[PDB]
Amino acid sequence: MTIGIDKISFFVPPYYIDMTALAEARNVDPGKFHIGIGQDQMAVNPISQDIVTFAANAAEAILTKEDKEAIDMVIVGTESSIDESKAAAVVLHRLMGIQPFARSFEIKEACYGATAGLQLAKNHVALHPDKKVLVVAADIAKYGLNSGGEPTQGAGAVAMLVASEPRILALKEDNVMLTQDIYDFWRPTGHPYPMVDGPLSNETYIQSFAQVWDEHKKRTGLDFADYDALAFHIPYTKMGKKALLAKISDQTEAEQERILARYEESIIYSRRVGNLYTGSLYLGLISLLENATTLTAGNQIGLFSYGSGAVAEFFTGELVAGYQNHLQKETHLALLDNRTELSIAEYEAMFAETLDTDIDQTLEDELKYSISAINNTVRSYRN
């Protein structure tokens, strides 16, 4: 009895700004974003769209009436929460029309939250193979206009349906996790933007991959030659490549070329979206599934999840025969291609706008599940 990802999809807001345009606005070479950090288009969202908006849209793309009856646990991994007490998963459970007898909660641990949700969901289904779990990564990565991390911004969500006999990825039991108390990135209660140490963050991310990889190789004997592809969590596409390069220098030239090629395929979507925090790794998985042409049933996919703070985990998934018939490539490509390009001026205006929850008001937004009103701080969503 296999357990894993049966269906998976991502959602990003209907807006974006071109990185060449941003570079010019920031008076820098129109290419240090395309080649330096490796980003081409950045996802941007108005104040009328939050993690629930994204989580709801992504989940709607994969849930059938039968799934809604079989799901008895809803989990949202995020570091962009809108309430200190009420889990965003409760609202998602309502909007998705999931059956009432289910537990719902939010998991927090930076960009690692959704991974924790996925593993816990896996265990749940392993013990109750007739049930399913909805795990959704949702985040809004905003650093600030004219900020150091501004170029790495992103927003969206990745929804996953975990079930027994999954049709896409069967998860293995070779998990290797690590916890280290390091302040590379964090966001004190009350801070709308995160505190970030770039140098320490790059270093901790690269070293954490090296550490869980080495420990994983000790325990399993599995090396790069044993992996058909690797999905990485990434703040920006070049970080991941950096972490990979630092560990594959002793592999054969052909193997290095193969690994780096698989990596490039895993970041196709990311270059058009930006950092999704909890959802970055999973956007990478989706990219591999829909864009990596050499992958086939039985192939082994290695996944490296990272979370500042910091927590990391490496685990493996096996592609299920017929997975290609259960993807959302058409939907995803249309979602990206149909976005409206914003000028830098429109972008800064949309980015700087603040939603004051303390003010009763109504909001206009055509997007389904967007915030429609605020009353006594409570958000209403247009479904």
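A residue's number is simply how far along the shown sequence it sits, counting from 1.
Annotation for 191-199 versus 95-103: the higher mean temperature factor (C-alpha) is found in 191-199. As listed in the deposited structure, the average C-alpha B-factor of 124-132 and of 156-164 is greater for 124-132. Of the residues listed, 110, 292, 138, 177, the entry assigns the biggest Cα temperature factor to 292.
For the set 71, 234, 310, 285, the maximum C-alpha B-factor listed in the entry falls on 234. Among all modelled residues in this chain, the alpha-carbon of residue 12 has a temperature factor (C-alpha) in the lowest third.
Placement of the Cα temperature factor of residue 33 within the chain: highest third of the modelled residues, per the deposited record. Among the modelled residues of its chain, residue 245 has a C-alpha B-factor that falls in the highest third according to the deposited record.
Per-chain ranking of the deposited C-alpha B factor places residue 171 in the middle third.
Residue 144 sits in the highest third of its chain by CA B factor, as recorded in the PDB entry.
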